[PDB]
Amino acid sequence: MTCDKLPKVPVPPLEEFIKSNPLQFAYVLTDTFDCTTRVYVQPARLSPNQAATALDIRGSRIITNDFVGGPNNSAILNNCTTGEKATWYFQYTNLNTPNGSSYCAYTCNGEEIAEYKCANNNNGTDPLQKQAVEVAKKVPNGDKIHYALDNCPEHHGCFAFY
């Protein structure tokens, strides 16, 4: 299995992502996305380009990426701080079941996986997420994929932020 050959399921409607908010990243590749909460945002009313925004929140720090649909079931991201672009895909999505939401998404460096994010709001109980991670961590560079929530900062009264 190589990164270019991973499943590319259709990007669900944006409202399906918003109704999942907030999510946590159970498995990620790089350290950057440990202990992280995901919130999706609709394009602003006056947005010229109507891009959505993904928020990756880690304590008092935040990474932001606008995204739009692209070819081959892709999401095309723009880093709001750097203007760097990336092409992402969904390995699967399972949003808004009666047991909540999960998905796994990725971006490729050719055959190797550059970044991986599996999010949920059900504490990792979706059987699809288990299968998906097992598959992804056998692609080249997928050895780096790890459980992301092990030893996270203590909270001060909020459930999904710290």
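From 1 onward, residues are counted along the sequence shown.
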Quiz item: Which has the higher mean CA temperature factor in the PDB entry, 44-52 or 96-104?
Solution: 44-52
Quiz prompt | Which of 18-26 and 139-147 has higher mean CA B factor, as the PDB entry lists it | solution = 139-147
Quiz item: How does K130 rank on Cα B-factor within its chain, lowest, middle or highest third?
Solution: highest
Quiz item: Once the chain's modelled residues are ordered by C-alpha B factor and cut into thirds, is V9 in the lowest, middle or highest one?
Solution: lowest
Practice problem: Would you mind ranking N123 by its C-alpha B-factor against the rest of the chain and naming the third, lowest, middle or highest? | Solution: highest
Quiz item: Which third of the chain holds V68 when residues are ordered by C-alpha B factor: lowest, middle or highest?
Solution: middle
Practice problem: Taking the chain's C-alpha temperature factors as the reference, tell me which third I62 falls into: lowest, middle or highest. | Solution: middle
